[PDB]
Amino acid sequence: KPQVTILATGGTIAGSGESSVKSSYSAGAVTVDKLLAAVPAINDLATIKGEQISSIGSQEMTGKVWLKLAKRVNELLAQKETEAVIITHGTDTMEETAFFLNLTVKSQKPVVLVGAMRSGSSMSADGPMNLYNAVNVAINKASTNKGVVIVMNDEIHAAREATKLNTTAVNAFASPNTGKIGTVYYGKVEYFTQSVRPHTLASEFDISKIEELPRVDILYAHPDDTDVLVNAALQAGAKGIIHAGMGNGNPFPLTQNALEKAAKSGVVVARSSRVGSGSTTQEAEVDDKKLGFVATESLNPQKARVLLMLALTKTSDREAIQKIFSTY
């Protein structure tokens, strides 16, 4: 059987309450032992080890945990015995973690993120099936060199493309600019596409000596907008600002003036959009070269923030950062 490590970042996503007997096997973490008792079929698929990386809701995630997680995944995948890693994660910020890992994990071995939109104690809990399917995706031969993926609701999503698009639905994850790369239905894994954007082993980013990430704020645009939030971000030491613009990345005029001042001060200003899908394009209404801004193209604000944080570990140059957005 293949060997896989499950890294937990919070509580259990499958099952509820205490186990009906004390397991003889310890996987290495109580959360993971609880998963193996809730979804016993996973033991027939792989030898499972477990680790508790953090113990939080995903809305409490920080860069410090991202760095810890990425360094550990890199260590685990460098081991000959370890065939893949599965990370159990809260759904709220799963897309941000997945995208961060997709640029920092230096391996072709599968890395699968999975969660649950319903509590494990709920009627019709989705966690058990989501986990079972995640293990099957982690051990599949075709999963190699696909990048980091999210497995939810019988679907396999590329980390660059995935987002949570609904507050409550079991089918909340989507890839609105490209679609799922594959499917997993009662453990049967099939891929139909793959990303052509560089990831994992092909990424230029290396976080192995980084202890803290650069500060990047996100602003939400609207009619009758303001300069005071730009100013407060600058005052708090923001190294970058993602602006979630109206339509195709458009600012209100007062805010634009403030962003232009931020960019001149050396804070990188990257234009995204509040709309949900599509590219925030170059050479539309905003003269990015004249103002000193980067266009984020086909991302969203929260994933753009992750990429700009990584870029800022290397450079604050506008052209070099535009090239990063136009590559990854």
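A residue's number is simply how far along the shown sequence it sits, counting from 1.
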Quick one: say whether 11 to 19 or 303 to 311 has the higher mean Cα B-factor in the deposited entry. 11 to 19
Select between 138 to 146 and 177 to 185 the stretch whose C-alpha atoms have the higher average B-factor in the entry. 138 to 146
Which one of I242, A116, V85, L234 shows the top CA temperature factor in the record? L234
Looking at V275, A295, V39, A263, which has the highest CA B-factor as recorded? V39
Sorting by Cα B-factor within the chain, modelled residues only, which third would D227 end up in: lowest, middle or highest? highest
The third of the chain into which the C-alpha temperature factor of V73 falls is the middle
Going by the CA temperature factor in the PDB record, which third of the chain does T327 belong to: lowest, middle or highest? middle
Should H89 be placed in the lowest, middle or highest third of its chain by the C-alpha B factor in the entry? middle
Among the modelled residues of its chain, the C-alpha B-factor of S58 falls in the third labelled middle
